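# Reading the structure
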Amino acid sequence: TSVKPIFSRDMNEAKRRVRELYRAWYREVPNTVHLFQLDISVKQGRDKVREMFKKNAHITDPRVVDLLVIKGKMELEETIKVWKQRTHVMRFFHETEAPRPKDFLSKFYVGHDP
Amino acid sequence: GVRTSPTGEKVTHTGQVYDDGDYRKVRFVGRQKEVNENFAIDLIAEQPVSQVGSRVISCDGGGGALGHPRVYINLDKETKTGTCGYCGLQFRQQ
Amino acid sequence: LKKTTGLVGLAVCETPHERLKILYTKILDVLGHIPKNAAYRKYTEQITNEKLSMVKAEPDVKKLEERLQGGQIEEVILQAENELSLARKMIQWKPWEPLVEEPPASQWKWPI
Amino acid sequence: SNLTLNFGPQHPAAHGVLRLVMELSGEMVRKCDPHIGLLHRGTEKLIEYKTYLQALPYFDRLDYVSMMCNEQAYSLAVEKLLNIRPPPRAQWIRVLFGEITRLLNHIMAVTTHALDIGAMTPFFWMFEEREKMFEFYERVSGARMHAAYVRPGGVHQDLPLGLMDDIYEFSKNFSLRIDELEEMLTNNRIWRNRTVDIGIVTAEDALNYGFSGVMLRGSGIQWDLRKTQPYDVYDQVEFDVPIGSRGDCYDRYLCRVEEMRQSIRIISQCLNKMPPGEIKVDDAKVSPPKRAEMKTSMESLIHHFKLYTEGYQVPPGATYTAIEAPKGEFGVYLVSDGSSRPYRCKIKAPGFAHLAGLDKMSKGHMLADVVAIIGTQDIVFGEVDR
Amino acid sequence: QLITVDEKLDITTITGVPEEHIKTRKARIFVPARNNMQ
Amino acid sequence: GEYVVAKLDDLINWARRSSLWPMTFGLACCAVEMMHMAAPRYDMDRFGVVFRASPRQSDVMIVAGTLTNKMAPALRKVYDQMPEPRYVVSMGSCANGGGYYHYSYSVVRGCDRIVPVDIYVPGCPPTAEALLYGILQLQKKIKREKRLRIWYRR
Amino acid sequence: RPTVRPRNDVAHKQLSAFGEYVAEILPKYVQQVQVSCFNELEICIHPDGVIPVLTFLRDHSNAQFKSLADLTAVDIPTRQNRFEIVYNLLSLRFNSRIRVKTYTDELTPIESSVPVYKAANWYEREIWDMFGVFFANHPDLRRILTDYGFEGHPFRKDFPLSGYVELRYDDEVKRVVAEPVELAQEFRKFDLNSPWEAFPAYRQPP
Amino acid sequence: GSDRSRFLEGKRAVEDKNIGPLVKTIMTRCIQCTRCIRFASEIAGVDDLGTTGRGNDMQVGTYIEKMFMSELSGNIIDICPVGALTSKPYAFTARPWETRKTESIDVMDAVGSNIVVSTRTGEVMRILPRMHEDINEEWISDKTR
Amino acid sequence: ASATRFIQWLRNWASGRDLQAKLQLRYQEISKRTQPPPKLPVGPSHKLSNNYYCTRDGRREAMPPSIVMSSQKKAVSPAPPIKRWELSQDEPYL
Amino acid sequence: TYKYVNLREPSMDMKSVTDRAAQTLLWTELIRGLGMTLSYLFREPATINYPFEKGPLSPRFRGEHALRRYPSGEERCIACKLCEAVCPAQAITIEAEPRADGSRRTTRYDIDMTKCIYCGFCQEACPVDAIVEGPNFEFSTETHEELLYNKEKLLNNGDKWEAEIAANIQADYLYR
Amino acid sequence: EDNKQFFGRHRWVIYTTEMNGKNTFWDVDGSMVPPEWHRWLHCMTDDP
Amino acid sequence: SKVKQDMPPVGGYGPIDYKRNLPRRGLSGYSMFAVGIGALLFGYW
Ligand code: SF4
Ligand code: SF4
Ligand code: SF4
Ligand code: SF4
Ligand code: SF4
Ligand SMILES: [K+]
Ligand SMILES: [Zn+2]
């Protein structure tokens, strides 16, 4: 279980890098909404940012957290440098995808997928 | 042997035809259903059986290397013709 | 003297024999700080001493070049410079030491 | 400030679309950031679901100006893992069409290089010659561009009767066509003003940045894989390697024009030295038998059936095989797991490393010198992106 | 300098596979049966 | 009224089809055969199809090559900036329906998912003559248009 | 024999001797040395040896592998370290090629070789992009081939051929949108492997 | 084998035998391995298949017009190495490389014979035995098949 | 080829070359578009005897790599130093 | 063997210097280029009068696909699925069953012409010369759906073009 | 035909003004050539 | 029948040029300037 680290040597070191990423993402949303002229609100954009961080809250492996932070920083740069077009920033919201049935009965009616 | 179904749609040599209740025939409205009218099953049955004087005959479909792989056909049965499995020509021992 | 080495960015050398003597001597000095049994020292010392001996005997630059089989004498000077840089790095790395770690059982098996 | 060069010229051009993010100060280029991937099509992953024959056409569509040269590289890699040898007539045909392809590429490289700089007339003169060479491609293969003609084992079909005489007729007049091209560009003060001392690269920097081909030889490096590491019958033909002295766009332009003359010189020897015999390895477990055999012989039919369904199996192993493609060293790292489909196929595109050097080569140049520098590297984003 | 991780190796979050094609899928691990034709 | 509208469509249809200024996306291989159509053997300019144009002066967009997901937004934006009337010619298997990369994770399976297409030119690549046939097929399509006849009957 | 590729015995001896030479000088990192029957020399090294081994081969007077011809990765999911990093180098002085291989897994970083070969800069970005292998101390490590925001590493063996999402233009939102992939015709998987062994010389033990 | 032929004569051709609606016979393909005869006699306990004639003209069959109708008869399709014996219902519908194989269980009786369901483009094409030494070995019944 | 004698002189003089000897348009020198049928030769393995495939099977002579060292003297170079290129005697300087 | 493309030293004698000065001031090398474009103006153009004239092709040309027949009219295709197996683009879809006369024939034979790479591998793989790429290349359509050929379309292409397909095969089959 | 013309211009067709009930006086296209002549017009053969 | 294959003619094909050929044209720089000045002087007179 002795492994080469990426950046952080333990979870407390990793959590620090995570929080800096959240600050950077949190502060960029108002600019992102304006530069790309998005039709979402700043609150909507920040809610998505929280949603994306939230669904990785269970991770307890510092190496995995470093990769998650590394990937998250690359996404921020693409947005900050305006390499992403309007289409790319809006793919987090899936506006054209109809809601997917979640309960048993709804999925039973539509098809065979669980 | 092209023919039409009750709805007036031509039946293909594969037997395909949209049934009465099938919406998919709307694709032909204002257009046409592509159907080839030289049915191979009917054309190959017009060929005359060939009379040969041996138990075994070979067929390459004609044309030598422009035909099909050369196969040998046994003609011992006198109750039926020997048919080529590549081109459908028929042979009978005389 | 030549007019050009023929290689863009590579300048002619006015004193090739003296420059080579400095570089090979510096290499042998650096090789003295490597453990005697390290293969790098034994092999690097051998080739350096062969090249240095050739530089001592041959005064004509053209004739020396056919002896060294290393291209233009400026290319040979450049290579000596890289060897000297390499020898310094090997002192930190110390590659003569035992293998750091074995690979997993089937790391280098092909086909799987 | 910050700019972005357009995807492509307003006139019709065939080399792909680039997104070039530029930093400028005044007229000067401070940084070039090439954003590629706009033609990345996942070729290397697709090849893993194809048999070794099914993957061959993917190589026509990489450097889709040097079609048969890309085929030859893949064929040499597969023939090396198979441990077989293509027959001598096939090798001569492959060198003959390798040099015809080099002409095709260099015409595209040089005249579109002038066309982008604004010298547009030579483009029209020289694609009438390319049109006639497309006819040679179509006469041996039935396709003007993506021939799928060179294959592991040799070539698909033999030259039609009368093809060699027509190739001779074309080669007879071609040097004059190169002469007219040089009349427009070589001594033209405007052309020289656009190319001389533009994009200078030192010999050592060229090697460390992974350059190859003319990008090396323009800086005086004496390297040509046809000479140093010969393949097929390149060791039986006589030609000279053009070498530059100043490492700039103008010296690389002269190298390409001289390489065209040497290709004509090599083609002349292939036409005179073409030997008789078969065109694919007489080994029906690799190369499919003749159609007349397939229709008469039981063994031939079985081998035809298996070669065109499962394909031939390649012994397990990995090779890196490279050729002197018209754009530089074109190689393939081909991994076999013993089956009839490649396990991994990495493609080394010469333009991949060259475009990675654009930032270096453009330092301290004007915005319009970047046009010339991408021109002198001769980039096709089919091979850069795969 | 090596570090220690006592956890179970998991990469579900860094592979980019959509969630439903992780949790709802069933993988079968087997040695394929011989094709009984041959 | 009826007579004038018929002759008036005849005029504008003649003008628009006799002066087809193209914007070519030289995306990949097919752009090479596209260049051969501009080369002296076929000389597309002799039909009124000029050599260079500019997106904002173009009448027809020729999608000549593979369209990847990364390139899709930029191609749609160029189509959106073209002034009308504008036509799209899909050239080759890749642009037609994905072609040899149809099953790739990074390729749009036909440019008709991104823009409306007027003519599909088959081939991999279509020969320069095949593309010229498709361009002259688009002229016939424009010759069939009836903008004023329809407008007059509204 | 006319159909059989001839053997070159002199290059096999030469590359073997040089393989022992490199193994003797770099024992700290070299784990295996082998030469193929078509005479390609491969050095298999511990991943910690990337920079020392590549620097030695570039700068040493008897090596002079100045040109990095290619740098790629191979995914072998059955291995604990699924990724194999392959360096193909060229020596113009000695007219020879060498292949240097190492390994890593999904979470273990490899040292960037940009200091040894500037050519490696884009190759490592492509390996990161397409396999998800991180290179430590890279000047600018980011995606190079895939679309912005693309999730996953397509060249991994377990990434589906057609991916997970596909693009189209949607009139309602007036932009290109990404949706879960649906195929009008599914790709038809073929089982082509014959059930009879082809090459006894490679038989694995029972 | 070798990769080519040196046989310069004409080939043998034999007449086909009708042995029921399940097993199609193209006996020109037979290579006289006698697997069907041995299987029929030992495994199925039916002594209806043999060899008649001699030498190059030795033929496998029943001699008389007989049907080989046994609850295990369809297994001679599997053990015939060549296309001499083939599934009549399956004829001409698919090739083996294009079929997807699903390893499943038979439910036509209570033996639980292990099977492979061959599918192609969403359709069931045929049923094959799956080897299980403790249940069906490598056979299935004609109802299962 | 149809150009008048004056125009031939005019474009010859302007270009500086004799363009008429090397016309870039093709006339009758091309090959006829109908050719006699070929009779292609066969390869060296088209023998009736002494041709066992095990004596000419390239794939089966491939071997797994030789393992020089596995973890489980004079200095050498990977090959002799490359010989210097000689300047062209055809046209050393362009 | 190598040569130098640009390793000339200009002569610095006053005559040569004055020659270069005249070139600079009088633009002589620019006048020379104008002569070359002038010489082309009086050359015959290479343009051909399409569609009244056509580019030359060979019998090997790989164009639009067609399904062929025997002289009796029976289909050559026997549903062996070798073309479907070799197709690099998976552009062919085949289904088959015993015909009413017991013949081994296809019920579905589709070629997605927008997947096809026009590589000709199917006609090489075919053992009976059933599927071929014909000489037609002027078949562009106005809709995507018109490029999804089914067996009826391909059989009609064979009946339409057989007169020329047979001649092309006759001219090239000895090279195959 | 005019063999004095350079290759590619030495053969040509003047299309009919009516084909299959269509007015082709102005509307001609290359698909109107039947297969027997298609081979000759594209120089796949020498014999009409 | 004798094998018939696309081969070069007996004795091989004739010579093929490839070397650069830019013919030398024009007057010396002295002659060009002398003509230019002569034209000026005539115009001035
Ligand atoms: S359709 Fe064919 S020629 Fe055109 S870009 Fe795609 S692969 Fe290349
Ligand atoms: S099992 Fe098949 S090959 Fe063997 S004897 Fe019976 S029919 Fe013939
Ligand atoms: S598939 Fe097998 S049994 Fe059938 S004909 Fe071919 S070799 Fe004979
Ligand atoms: S030409 Fe090639 S891609 Fe097209 S259907 Fe035939 S085999 Fe498939
Ligand atoms: S077209 Fe030919 S290869 Fe394809 S299924 Fe029919 S007979 Fe077989
Ligand atoms: K069987
Ligand atoms: Zn037959």
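Method of determination, as given in the entry header: cryo-EM; reported resolution: 2.5 Å.

For the rest of this paragraph, the subject is the overall build of chain H. Looking only at helices and strands, one finds two helices and seven strands in chain H. Reading the secondary structure of chain H in the N-to-C direction produces β-α-β-β-α-β-β-β-β. For the C-alpha atoms alone, the extent of chain H along its principal axes is close to 50 × 35 × 25 Å. Relative to its full complement of 145 residues, chain H shows a buried share of 45%. Summarising the internal contacts of chain H: among those between residues at least 6 apart in sequence, 49% fall at separations of at least 24. Within the structure as shown, chain H displays about 7900 Å² of accessible surface, and the carbon and sulfur contribution to it stands at 52%. When the 20 basic and 21 acidic side-chain charges of chain H are each reduced to a single mean position, those positions are 8 Å apart.

Turning our eyes to something else, we now look at the coordination of the zinc ion (ligand 7). All names here are of chain B. Each protein donor to the zinc ion (ligand 7) is listed here as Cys59 (SG), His68 (NE2), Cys84 (SG) and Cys87 (SG); together their distances run 2.0 to 2.3 Å. Its four donor atoms give the zinc ion (ligand 7) angles of 105 to 117 degrees at the centre, a pattern that matches the tetrahedral case. Here the donor residues of the zinc ion (ligand 7) are spaced in sequence according to C-x8-H-x15-C-x2-C. Of this pair, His68 sits in the loop between β4 (56-59) and β5 (71-74) while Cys84 sits in the loop between β6 (82-83) and β7 (90-93), and the two are 16 residues apart along the sequence. The class for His68 is buried, based on a relative accessible area of 1%.

Right, let's get into the packing of helix α5 (residues 121-141) of chain D against helix α6 (residues 163-185) of chain D. Residue and element names in this part refer to chain D. The contact between α5 and α6 brings their axes to 10 Å, and the two run at 160 degrees. In this view, α5 runs roughly antiparallel relative to α6, as classed from their interaxial angle. Helix-helix and strand crossings are classified by hand; for α5 and α6 the assignment is left-handed. Each of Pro122, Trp125, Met126, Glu129, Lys132, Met133, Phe136, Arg139 and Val140 in α5 lies in contact with α6, whose residues at this interface are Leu163, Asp166, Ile167, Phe170, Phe174, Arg177, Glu180, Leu181 and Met184. Residue composition of the contact of α5 with α6, grouped by class: twelve nonpolar, no polar and six charged.

As a further point, take the coordination of the potassium ion (ligand 6). Within the first shell, the potassium ion (ligand 6) binds the protein through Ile77 of chain H (O), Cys80 of chain H (O), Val82 of chain H (O) and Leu85 of chain H (O), at distances of 2.7 to 3.0 Å. Every donor residue of the potassium ion (ligand 6) comes from the same chain, spaced as I-x2-C-x1-V-x2-L.

A separate point is a negative patch on the surface. A grouping of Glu97 and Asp113 of chain A together with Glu19 and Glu20 of chain E is seen on the molecular surface, where their side chains present a negatively charged patch. Mapping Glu19 of chain E onto the fold places it in the loop between β1 (3-4) and α1 (20-23). According to the relative accessible area criterion, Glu19 of chain E is exposed, its value standing at 55%.

Our next topic: the sheet that holds strand β3 (residues 92-98) of chain J. What links the strands of a sheet is backbone hydrogen bonding, and the strands pair in either a parallel or an antiparallel sense. Residue and element names in this part refer to chain J. Strand order in the open sheet formed by three strands is β3-β4-β6, and the pairing between neighbours is antiparallel. At either end of the open sheet lies a strand with only one pairing partner, and these are β3 and β6 (148-149). Pairing analysis gives two bridges linking strand β4 (residues 104-112) to β6, with the strands arranged antiparallel. Residue pairing for β6: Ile111 is matched across the bridge by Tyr149. Running at roughly 95 degrees to β4, helix α5 (residues 151-172) makes contact with β4 and β6 of the sheet.

Before going further, it helps to examine the packing of helix α1 (residues 2-17) of chain F against helix α5 (residues 128-143) of chain F. Residues and elements named next belong to chain F. Contact pair α1 / α5: the axes reach a minimum separation of 9 Å and the direction vectors enclose 160 degrees. The orientation of α1 relative to α5 falls into the category roughly antiparallel. For α1 against α5, the interelement crossing comes out right-handed. On α5, the residues that touch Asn13, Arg16 and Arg17 of α1 are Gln139, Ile142 and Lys143. Each residue belonging to the contact of α1 with α5 can be placed in one class, and the counts come to one nonpolar, two polar and three charged.

A word on the site of ligand 2. Taken together, 14 residues surround ligand 2, and among them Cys30, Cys33, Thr34, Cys36 and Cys80 of chain H come closest. Per-class residue counts for the shell around ligand 2 are eleven nonpolar, two polar and one charged.

Below, the discussion takes up a positive patch on the surface. Taken together, the side chains of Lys15, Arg16, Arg17, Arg19, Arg23, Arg27 and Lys73 of chain A make up a positively charged region of the molecular surface. For the positive patch, the leading source of residues is helix α1 (residues 11-35) of chain A, giving six residues.

No other pair among the 33 pairs of chains in contact exceeds the contact count of chains D and G. Nowhere do chain C and chain H come into contact; their C-alpha atoms are at least 23 Å apart. Spatially, chain C is disjoint from chain J: no contact exists, and the shortest C-alpha separation is 10 Å.

Moving on, we come to the interface of chain J and chain B. Where the parts come together, the accessible area they lose is often given as the size of the interface. Listed per partner, the contact involves 26 residues of chain J and 21 residues of chain B. The junction of chain J with chain B conceals about 2000 Å² of combined surface from both sides, 54% of it contributed by carbon and sulfur atoms. On the chain J side of the contact with chain B, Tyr70, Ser72 and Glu152 of chain J bury the most area, a combined 28% of that side's loss. Applying the counting rule to chain J against chain B returns zero salt bridges. Put simply, chain J and chain B have eleven residue pairs in polar contact between them.

Before going further, it helps to examine the pattern of salt bridges. As enumerated under the stated definition, the model contains 122 salt bridges over all chains in all. For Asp27 of chain K, the salt bridge goes to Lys143 of chain F, with nearest N and O atoms at 3.1 Å. Placement of the pair is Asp27 of chain K in the loop between β2 (22-23) and α1 (35-41) and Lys143 of chain F in helix α5, with the two residues belonging to separate chains. On the basis of relative accessibility, which here comes to 21%, the residue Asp27 of chain K falls in the partly exposed class. By relative accessible area, which is 31% here, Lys143 of chain F ends up partly exposed. With its nearest N and O atoms 3.0 Å apart, the salt bridge here joins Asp3 of chain H to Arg4 of chain H. Like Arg4 of chain H, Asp3 of chain H is buried. Here the salt bridges share partners, and the residues they tie into one network are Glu99, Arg102, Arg217, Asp224, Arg226, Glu259 and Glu324 of chain D.

Here is what the cut-offs are and how they apply
Residues numbered from 1 in each chain as written, not as in the entry; some residues may be left out. Chains lettered and ligands numbered in written order. Part of a larger assembly, values for the part shown. Heavy atoms only, no water. Helix = DSSP H or I, 4+ residues; strand = E, 2+ residues; numbered from the N terminus. Buried < 20%, exposed > 50% of the residue type's maximum accessible area, 1.4 Å probe, protein only. Contact = heavy atoms within 4.5 Å. Areas by Shrake-Rupley, 256 points an atom, 1.4 Å probe, with all protein chains shown as cover. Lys, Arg positive; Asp, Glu negative; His and termini not counted. Charge placed at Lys NZ, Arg CZ, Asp CG, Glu CD. Donors = N, O, S within 2.8 Å, 3.2 Å for Na, K, Ca; no water. Tetrahedral: all angles 85-135°; square planar, octahedral: opposite > 155°, others 65-115°. Axes fitted to C-alpha atoms, helices over the stretch in contact; angles between N-to-C directions. Parallel < 35°, antiparallel > 145°, perpendicular 65-115°, else oblique. Left-handed = near helix turned anticlockwise from the far one by under 90°. Nonpolar A, V, L, I, M, F, W, Y, C, P; charged D, E, K, R; others polar. Patch = residues over 30% accessible without salt bridge, like charges linked within 9 Å, V, L, I, M, F, W, Y side chains within 5 Å. Salt bridge = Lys/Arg side-chain N within 4 Å of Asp/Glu carboxyl O. Pairing = 2+ DSSP bridges. Near = heavy atom within 4 Å. Buried area = accessible area lost by both parts, 1.4 Å probe. Polar contact = N/O pair within 3.5 Å; in protein donor to acceptor, adjacent residues only side chain to side chain.

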